[PDB]
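There is one chain below, alone, in structure tokens, taken in the form deposited without the RNA.
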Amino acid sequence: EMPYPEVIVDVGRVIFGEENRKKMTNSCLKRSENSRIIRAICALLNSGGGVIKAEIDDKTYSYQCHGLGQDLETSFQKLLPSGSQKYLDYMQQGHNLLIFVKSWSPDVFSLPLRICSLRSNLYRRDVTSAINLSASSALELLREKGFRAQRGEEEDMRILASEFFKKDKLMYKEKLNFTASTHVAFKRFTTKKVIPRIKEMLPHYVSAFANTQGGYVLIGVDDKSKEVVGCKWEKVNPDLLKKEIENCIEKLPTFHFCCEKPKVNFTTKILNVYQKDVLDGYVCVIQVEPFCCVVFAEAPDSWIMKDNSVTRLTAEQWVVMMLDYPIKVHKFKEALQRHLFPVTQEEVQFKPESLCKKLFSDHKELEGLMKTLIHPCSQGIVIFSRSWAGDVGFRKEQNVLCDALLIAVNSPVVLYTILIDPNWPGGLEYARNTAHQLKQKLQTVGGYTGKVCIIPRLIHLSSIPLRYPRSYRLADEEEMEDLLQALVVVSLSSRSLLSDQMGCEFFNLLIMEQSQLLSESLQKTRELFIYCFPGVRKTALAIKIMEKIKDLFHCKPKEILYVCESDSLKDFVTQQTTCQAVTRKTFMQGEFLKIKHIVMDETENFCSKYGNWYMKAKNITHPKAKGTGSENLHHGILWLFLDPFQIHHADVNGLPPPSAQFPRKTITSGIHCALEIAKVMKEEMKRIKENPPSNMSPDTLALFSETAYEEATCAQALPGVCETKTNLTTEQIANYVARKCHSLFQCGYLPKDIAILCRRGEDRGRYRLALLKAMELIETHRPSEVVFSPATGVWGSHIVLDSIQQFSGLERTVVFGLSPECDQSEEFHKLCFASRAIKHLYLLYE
């Protein structure tokens, strides 16, 4: 029933036509419907953007033949002071009129107003006028009064109304010579019902002589030439003002920047007049001292919808909205977009590649007429996935198979839906929902200040369209640039597959900027000891420094050398760079006589049982061209990579007896894990600090400081998933662990992207038992086969069964777990797992 994407606010029989905006003499219903339209439009404008539905006034109405009018567009012009041509679009459809709005996100070339208001309800005092304020003047007043509260003929006449204040006995009609200034107002009303006149006149003047200067308010004196006229003593009485002026000035909403909260200092007093024993009137005087903070007239005009209805705000709800991962994405966003989603003039591109290889594999007919279903066109990107609402965060539906999101130049963004079973009441509603929560992210998280719409459609490829006002489509290259950029920002903030496809390029773009700042220090020092945190990616950062070493030193690409421990991280470091990568059983064995420098990694793994490493490294390179036999004194480079918190080898290296002291650089600006994976490490690091083991020296914990993480973690980590499972012994896990991994690779994860990690690495061949064949006990659901190869478990496209000590350093996206309860005291294995997973961590602690 009426498939639509966005927040409909049903209004009624309001009239967007010139004949009624010129003709209508019945002004009451006209102003009521005008106030309703302005309130609903500004409500959706300030809340989240969206679509406004309205009805039709005339039976042969059209937008072109009737125009818009004068009153409504003048109201819209006063509501929007910067520009109305970026947030207001119209259309008509049958017995329907359709208005569009957008999120009020101001650009960087204007004053920051977070929400717009009609009138800010904060009155000030000019020379003679009590004016209402716009958004900018209210913002500068709030900033000025906040900075003042955080810190701690013109002025003549001000002291002349003090004589009028302390008078108590006044002669009738006496035009005393004080006039209007920046400290006195003297506005009179002499009506019959004098109570609501107080609450419509002074909430203004009481704040006017509280946000500028001073204060004095009179009742009973005309405003032409400071004339007193008085009234008859039956019409005016000296009692009927004070009973309700107090009830007036108590309900004014008030905000306070301070904490020693005062109140408004009303000092009202009534004066009398006696001349010739015949009375002819009196004067009422109100004294208001200056206020330390802001005082509002009424409830502010910032209308924001709530609970699917229109709602009014309060003052304390107004000030906090009038005033005030997340940083580097917005910097590297353009280089991410120009590499992952390139926009050129070739044919259309099915951009998520790993899902299209599965959809072609299982459902041969589905990847056929799908190319014929969109349009014959060239400029475009198709993002093909499973449930996009569940990708951006929602419940997934069991019936839905796939959906597509199409971005093109002169074509709107659409969203098709593939459905297997004919669930027509249960499908289209879901097809509506993803066309809302995908836009309200791309205009909030992504920061796209542009007009875009996503149209829901259902295709049902197992065997009444809408309309949009021809400007919500894209225009040229630069708008599709911004839309793909905002989609990159949104996809790097949700738990999906496309997040894991973008985070690697984001990490590489960060590693380049970190290696630049290390190459800046390459100019100054020759030696450097680097103290790393758990999760630093020393291996990714130690590759980009070698090209800077070569480009700055002007030497050969063979004269730079790299030291590792095992063959596992010797692989994948043999590629991706140009150096002589060796193991610990090889750098202790290789006789490098044409060495020039040393840039090593994994410094915590050196055995003192056979030979030495530090003495050999300080006997190979530290005897460089020194001594009197060589005038050439070129100096070498010894960059070690110490991970001191994760020291687990009790044999002495030669670094602890000098405590590894040299020119230091603790790099707390390198961390690449998930936001919950880093939180598990944050929770686990402060257990060893409060309880060190029997082998670790507690002197190395002074270099670590708290609040280095959750600032570095807040600046350089990404969201993801982190699961847990309880009470699975190895007999109980024999059928439970197979089911949770069967549905994983259907979502787009390649079998290269996942890895089954196991605790007990000494039972490795036994761990080829009880899982691999158990994996076969879940391969009897889809006809296929799997191969597990722990020997060449680095570059195989198949799933790699690997251990924590067998698979060190190199990372992967999806990491599994299995843990029998080994010891009651040995709780160190949790320190291993989350040091290797990137985004998706599935862990089974038992």
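Note that residue numbering follows the sequence shown and begins at 1.
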Size class of the missing deposited segment between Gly152 and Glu153: 10 or more
For the neighbouring pair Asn691 and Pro692, the stretch of deposited sequence with no coordinates amounts to none
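The protein also exists as the form deposited with the RNA bound; that form is not presented, and the subsequent description refers to it.
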Which residue among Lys544, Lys167, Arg188, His597 has a heavy atom within 4.5 angstroms of the RNA in the deposited complex? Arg188
Just to be sure I understand the contacts: of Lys524, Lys609, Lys276, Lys193, which is the one whose heavy atoms reach within 4.5 angstroms of the RNA in the deposited complex? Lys193
Taking the RNA as it sits in the deposited complex, is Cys28 in contact with it (heavy atom to heavy atom, 4.5 Å or less)? yes
Can any non-hydrogen atom of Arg13 be found within 4.5 angstroms of the RNA in the deposited complex? no
Just to confirm, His204 within 4.5 Å of the RNA in the deposited complex by heavy atoms? yes
For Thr267, is any heavy atom within 4.5 Å of the RNA in the deposited complex, or not? no
Specify the contacting stretch among 696-704, 250-258, 571-579, 72-80, defined as having any heavy atom within 4.5 Å of the RNA in the deposited complex. 72-80
